[PDB]
Amino acid sequence: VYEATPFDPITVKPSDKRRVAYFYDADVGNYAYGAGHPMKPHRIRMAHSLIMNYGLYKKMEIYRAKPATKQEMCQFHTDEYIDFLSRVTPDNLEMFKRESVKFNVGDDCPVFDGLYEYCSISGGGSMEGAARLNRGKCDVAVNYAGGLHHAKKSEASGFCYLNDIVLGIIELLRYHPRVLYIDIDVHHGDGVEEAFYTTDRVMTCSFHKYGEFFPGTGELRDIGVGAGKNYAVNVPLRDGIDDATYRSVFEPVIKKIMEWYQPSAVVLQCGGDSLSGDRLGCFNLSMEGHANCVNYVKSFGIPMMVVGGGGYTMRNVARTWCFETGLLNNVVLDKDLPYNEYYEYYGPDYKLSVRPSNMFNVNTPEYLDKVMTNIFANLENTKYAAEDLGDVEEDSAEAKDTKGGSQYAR
Amino acid sequence: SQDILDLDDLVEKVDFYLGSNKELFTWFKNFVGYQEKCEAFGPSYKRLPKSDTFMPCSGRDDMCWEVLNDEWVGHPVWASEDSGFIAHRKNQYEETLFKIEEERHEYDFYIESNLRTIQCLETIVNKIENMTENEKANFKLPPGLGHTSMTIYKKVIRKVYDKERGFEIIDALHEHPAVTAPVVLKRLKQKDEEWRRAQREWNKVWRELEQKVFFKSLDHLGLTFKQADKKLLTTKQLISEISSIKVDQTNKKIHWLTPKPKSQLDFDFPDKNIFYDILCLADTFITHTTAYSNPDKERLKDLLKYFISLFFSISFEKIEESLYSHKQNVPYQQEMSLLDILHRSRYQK
Amino acid sequence: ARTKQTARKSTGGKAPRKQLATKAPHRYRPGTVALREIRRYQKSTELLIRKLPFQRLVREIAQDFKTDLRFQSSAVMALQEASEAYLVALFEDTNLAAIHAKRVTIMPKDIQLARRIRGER
Amino acid sequence: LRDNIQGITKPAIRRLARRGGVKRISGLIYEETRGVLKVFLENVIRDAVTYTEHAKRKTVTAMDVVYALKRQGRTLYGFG
Amino acid sequence: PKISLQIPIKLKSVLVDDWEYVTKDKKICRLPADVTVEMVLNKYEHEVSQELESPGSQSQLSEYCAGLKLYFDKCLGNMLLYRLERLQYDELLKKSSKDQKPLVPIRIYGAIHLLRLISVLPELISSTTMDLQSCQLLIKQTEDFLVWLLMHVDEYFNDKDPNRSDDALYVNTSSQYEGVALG
Amino acid sequence: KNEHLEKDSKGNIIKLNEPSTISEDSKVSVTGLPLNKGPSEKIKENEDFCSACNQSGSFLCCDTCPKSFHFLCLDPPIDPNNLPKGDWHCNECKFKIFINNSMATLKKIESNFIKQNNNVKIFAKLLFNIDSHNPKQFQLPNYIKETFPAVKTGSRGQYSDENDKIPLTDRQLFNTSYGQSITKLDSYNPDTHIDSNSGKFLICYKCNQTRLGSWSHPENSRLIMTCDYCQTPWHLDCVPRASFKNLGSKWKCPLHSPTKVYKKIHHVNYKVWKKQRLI
Amino acid sequence: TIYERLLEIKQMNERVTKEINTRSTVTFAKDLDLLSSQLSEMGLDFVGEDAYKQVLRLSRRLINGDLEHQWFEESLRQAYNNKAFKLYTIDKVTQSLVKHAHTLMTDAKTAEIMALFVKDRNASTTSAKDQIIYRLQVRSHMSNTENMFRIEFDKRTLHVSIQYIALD
Ligand SMILES: [Ca+2]
Ligand SMILES: [Zn+2]
């Protein structure tokens, strides 16, 4: 059921005029993982710096989510794990040796200074994004600071300490009976899939590279257990997927899910790793082929939340996150960067484009038909049917932020 | 037949054997009585015991208990079969854009983290000069200096002021800011000016290096092409390739019963003007080449024009104008048959 | 008590963790062939030290004296034919020292003595 | 080029000493010879570079190594 | 010298499977098992006591059962635990002190751990200095026990998938339990 | 040729310290300019292995003898947070110390133990001896592992079977030219579609074709791998299969009999059958 | 092989030629000196000509030896978005084609094959048996081991079909 079709230019849908809410906490740029570490929270700041110069702040509503408390972080993570995060600092690593092995923290996911604060910025950012959708204040929430989908209940994996998406989804689940989670990061979203595997209230459709690629889970046969059987949907893609082939897979599958299992809300994790040129991911997706994924899910008309997730090349992910923020606001951005503080990065033509590479596309139409056939076989079973709650406090950040980002330097 | 294997599982396994012979497999499905139209656990996830699921969570509502998963767990060290993973290989040049990226971040992280302290202290410092000197005596700053982030202003002061010495600065900054904040702000601006002056000098180094090696980083196949071609364009593989198609049409004949057809390989030539383009290319190389002796090169030039004009029905005179024009860009013609060209003895006549 | 330490803090070993710390009949009696190996060498003049492993040894030494040197392919030879000879002389002197000590097998005692007596220490 | 002195093999030394005249070579030589050869080159090169570094050249040519060897007393013939 | 102990193949195939679950599959046995080393020997001592008539052998039997229990308590800590199971053993000691009752391994551990002690009995015998007539006394007596264990292998060693039954003798290990035990 | 901070809190602060800013940052010194810009510019006593495990980790070292132990291995286990104060000894050294300097002949010490417990007498020596040895990790005696030819001890003491693929040489994983990656044949290797020894083409079982495509058009090529037991080539498409699986374990091709069967009784819910191990 | 590599360039030639001309410098990158000017000075940017005709007169310089290899390649990287990587060995494939064409004049056994072909290709009226006559004579010149090919041409549809033959 895989029909190869050439890519079409991204067209904006005038039917939907969603009022977006953008969550930017100005501090989230100032945390650094290590000397050579791939995860660089700088990419949020540049992706925000570009956004303000297009004048997208005229359409969006800028918010600064109140950082997540220590208790609210525990509604997914066990109390022992969160308690370890609060105290742990580079000077304290000697005192904690049993924990640092038990909790996979500080060796690949380093214990950098400010470990707790950065995690506290991510969660209140996604959690409140769900809280605003529930109240009806915004049809979209954009929290690029968060999206860390690799963390587990008592373990930090894949650079992700606090799994905000689970915290975000649990907030949506208090109003919406069913929630759909869509993963477009090249890695398997094991952090969210393993959390919601049993329940049927969440479907975790994840696109990833299988074949002993981290975390080496997400095989096609993993479809959940117990009540949540068929309510998990993994699409194991091979190397070198590109713009035209990705659309021919993403769109048919998503269209099937939102027909058979009608979600009340979507949590779309716009992973930057899938883009071409990233240091850890191996796909050939360009921006237009990647931002089209967001435009398709938006077109359905149901409330969604966009989380940043993982992106390892600051130049590429900051460009595509700005373009995706354009599509949600019903504006297709011009292919000309505006002057911004981080201008020397986007070489060499200084245009807003992520150029697809030359690498050989290996997914074959005979293979993709067998993967998409099994999924459709399963999906025909999924017919529809100091605590703060509904944290809502938002802070109205733009008065403070307008002088940032918007540059008249010369 | 030993009642160890269920009937449905038997038919599923036989499918991998007799799948192609539809007339046979259908008979087998008819024979055993198979009728068409949980245990689907999956390979990734393993169940934990009941006791281990009791490790507490403080803020889990009743709703969270039904939704979240505690029994089933999956980890990389199990899915990897303990043998590890394979990371995607990267170019020699694509690893330069990664070295540059880190050098970019290292300068950018320290400068920007420094600015956020400058504004934090700048609003503070102006407050002191408003206050009375007696007042100045008692204006301690709570941690975070009233700012939103308690951690940022520590990692910046500790970097500048010598590691450990830096700790009693912060304590002095809280306990006695009126005389500490003006001094710390002064130096932090001074360290800002030095850091920026470096970046600009480092900006030229990074920009040109990215210019020399960017378009190579995208080019995964181009770098390895020059070596691959001479490996895969040879007298051997061009015959292995065409033979591989012949065996497929005859193999199935063994199994799928495909008839033996003609024309294993098919080519198509939609555009004529490529032929004058290839000829003028090989015309240039032949004249330039030093290996072929000058009298013989006239045959090499005259072979390609005649063979092409013969095989592809293109008139020879049309070809000669095309070469002539390409000669312009930079006395008699009897009928030279390709048959004449192929024998040296007749060629001299 | 004194406890060394653990060098690395993870159970996976980082092989499964991305950005890994650790994942990115007839026989001659003894001696009879020896002599046959000598007359097969003392009669020949071909270079004994393998060349491309020597080239990379000279470059490594040149670095800490000056950076970005470029050796003429002749001046890597002229080093090799020298350092081969230096050693062959040293080994003759050590063989003498061992024949002296009344054993046959040269040993580092013999090397160090044949250098000390030369005064080239 | 972290360790190249381990590139001068065990059969390399064994072949040399076989030319020298030995018969049985004790195991600790194969390591200890490397210690000698190394401290030989560090003297021959450090001189050859200086002749080069003087003439402003950036290439240690054979006419240098022959000179550096000459002061060592180990005069070399055949190159200049 | 070298002492030979003939373990029946079926029991010799169990152990290997136990060696696979604990080192490769990385699953450990539920420690408070249903058939512990104590009642296993309680049944065997009780089934064989009536079987044999001569009172002389009854003394030989009863002490081999009484002895094997006392030896098992001393032995389990030292050399009857794979590395991955050391932590689970530790938490039992740490639970025992809080419960204020001293841990007694024969009450806790299952029949498979008794078989581990039997497997290394020849190596333990050879290390010490014993009378030869007692060496054949233990080995013959043990070979009589293993034969009895073979007749009842079905209802001590059952192959149940831990994911499924949850009554299986082995239970999987969390990614946190495995981390500390191996790390 | 040699001959040739503290501040009066009322007062101002003495400057903390002149910043010794030699950071050796990834760029050479944060304050320093680029250096020479040559390229990049277009114009110009105790052992280290646990005596019990024989592996690495955090150790607790015996004082008398050069034997180190894990924190978990020693009996009873010792918390890394809380340790016995002062010097520590392995249970072996404690024994020798115990014996030595008191009732020194062991015999008499042991002769009391056997006489002490006459009921357990048959096990008397074995009980006494166990107090002297250090803690150990259980390893199956060789006469058990030698019964089954397939099983073999791994590098770490693991159970390694005929199923586990022999490990790839560390060079093969990380030392390859860019064009050809051994680990993944995802760069159009056409020599996969050939049988090395015989020279004929490998033919998939499902479709009875080999899809070796032209060098002109490589997208016509379909990837083929071979079973690790059967040696029957399969496309990565026919067995739906994402990749080659050359790291974890030998790939059992479909078409090979089951070695473990879970049968639902349809009335415990299930019965398990496992093939007898090869003796 | 040359025709397949060249044609796929000419098919893109209409789209690429428009794209190269219409690309514009960002004003914020032109006031400052940021955009690379290395190729513009050397002239290897397809600003003034159609892309395909320019690719030829760059290749003609490659065989002539005027243009360094790494500069010829880099010019097609920026001009064609890495799409045209196959034209990196147009100098060598041209060479191998000439070398093989040289074998046709020499190797008098092979030349005698195209001695027959020219006569057959000139024949308008060929009986069915005439082809067999043509085939059997050609088989006489090859050794009984070599495996002759059949290249078939259709004038109306410019369709060339090659059949692999290893008959008696
Ligand atoms: Ca689910
Ligand atoms: Zn990712």
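Structural data are supplied above this passage.
About the criteria used
- All residue numbers given refer to positions from 1 along each chain's written sequence rather than to the entry's numbering, and residues for which no coordinates exist are omitted.
- Written order decides the labels, with chains lettered from A and ligands numbered from 1.
- The structure shown is incomplete relative to its larger assembly, and all values pertain to the part shown.
- No hydrogens and no water enter the side-chain calculation; it runs on all heavy atoms of the structure.
- Residues with missing side-chain atoms are left out of burial classes, side-chain pairs and their counts.
- Strand pairing follows a simple DSSP-based rule, namely that at least 2 bridges must link the two strands.
- Each helix corresponds to a stretch of at least 4 residues labelled H or I by DSSP, and each strand to a stretch of at least 2 residues labelled E; elements are numbered beginning at the N terminus.
- The span you would expect from a helix comes to 1.5 Å times its residue count less one.
- To get an axis, a line is fitted to the C-alpha atoms, and for a helix only the part in contact is used. The angle between two axes follows their N-to-C directions and goes from 0 to 180 degrees.
- A contact between two residues is defined here by any heavy atoms of the two lying within 4.5 Å.
- Only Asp, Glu, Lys and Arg are considered charged in this grouping, and only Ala, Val, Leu, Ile, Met, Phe, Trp, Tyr, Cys and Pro are considered nonpolar; every other residue, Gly among them, is considered polar.
- Geometry of aromatic contacts follows a simple scheme: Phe, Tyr and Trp rings, the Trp one being its six-membered ring, pair when their centres are within 6.5 Å, and the pair is stacked under 30 degrees between planes, edge-to-face over 60, tilted otherwise.
- Consider the ring centre and the ring normal. A charge sits over the ring if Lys NZ or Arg CZ is within 6 Å of that centre and within 35 degrees of that normal.

Undergrad: Sorry if this is basic, but what is going on with the sheet that holds strand β1 (residues 20-23) of chain A here?
TA: As a general point, the strands of a sheet are linked pairwise by backbone hydrogen bonds and lie either parallel or antiparallel. Residue and element names in this part refer to chain A. Taken together, 8 strands build an open sheet; the order of strands is β2-β1-β3-β8-β7-β4-β5-β6 and the sheet is parallel. The sheet terminates laterally at β2 (62-63) and β6 (232-237), the two strands that pair on one side only. The pairing of β1 with β2 spans 2 bridges and is classified as parallel. Bridging across to β2, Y22 finds its partner in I62.

Undergrad: How should I be thinking about helix α4 (residues 86-99) of chain E in this particular structure?
TA: What sets the pattern is the α-helix's 3.6 residues per turn: residues three or four places apart point alike. Here α4 of chain E spans 20 Å end to end across 14 residues, near enough to the 20 Å set by a 1.5 Å rise per residue. Looking one or two residues past α4 of chain E, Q100 of chain E carries a phi angle of roughly 65°, positive in sign.

Undergrad: Sorry, what's going on with the sheet that holds strand β3 (residues 265-268) of chain B here?
TA: Strand order in the open sheet formed by 3 strands is β3(B)-β2(G)-β1(G), and the pairing between neighbours is antiparallel. Each edge of the sheet is formed by a strand with only one pairing partner; in this case those strands are β3 of chain B together with β1 (149-154) of chain G. Across the sheet, the axes of successive neighbouring strands diverge by a mean angle of 20°, strand direction being ignored. Pairing between β3 of chain B and strand β2 (residues 159-164) of chain G: 4 bridges, direction antiparallel. The residue of β2 of chain G that forms the bridge with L265 of chain B is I162 of chain G. Along the sheet face, helix α12 (residues 237-254) of chain B touches β3 of chain B together with β1 and β2 of chain G and points at about 80° away from the line of β2 of chain G.

Undergrad: Quick question: what am I supposed to make of unusual backbone geometry here?
TA: Trans peptide bonds make up most of the peptide bonds, and negative phi angles are found at most residues other than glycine. Going from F214 of chain A to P215 of chain A, the amide bond is cis rather than trans, its omega being 0°. Cis rather than trans, the peptide bond between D75 of chain F and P76 of chain F has omega equal to 0°. Tracing the sequence through the fold places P76 of chain F in the loop between β2 (68-70) and α1 (91-99).

Undergrad: Sorry, what's going on with the interface of chain A and chain B here?
TA: Accessible area lost on assembly of the parts is the figure often given for the size of an interface. Facing 68 residues of chain A, the contacting portion of chain B comprises 58 residues. Residues of the side of chain A that touches chain B, tallied by class, amount to 24 nonpolar, 18 polar and 26 charged.

Undergrad: I would appreciate a short explanation of the packing of aromatic side chains in the present structure.
TA: Here a ring pair, both rings aromatic, is described through the centre-centre distance and the interplanar angle of the planes. Relative to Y63 of chain A, the ring of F23 of chain A has its centre 5.8 Å away and its plane inclined at 40°; by these criteria the two rings are tilted. One end of the pair, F23 of chain A, is in strand β1; the other, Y63 of chain A, is in strand β2, and 40 residues separate them in sequence. Summarising the aromatic geometry, the rings of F312 of chain B and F153 of chain G are spaced 5.9 Å apart at their centres and angled 70° between planes, so their arrangement reads as edge-to-face. On the criterion of chain membership, the pair formed by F312 of chain B in the loop between α14 (294-311) and α15 (316-329) and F153 of chain G in strand β1 is interchain, its members lying in two chains. An aromatic cluster of at least three residues, connected via ring pairs, comprises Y31, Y33, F112 and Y118 of chain A. Here the guanidinium or amino end of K256 of chain A rests over the ring plane of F376 of chain A, the centre of that ring lying 4.1 Å away.

That is the geometry; function is a separate question.
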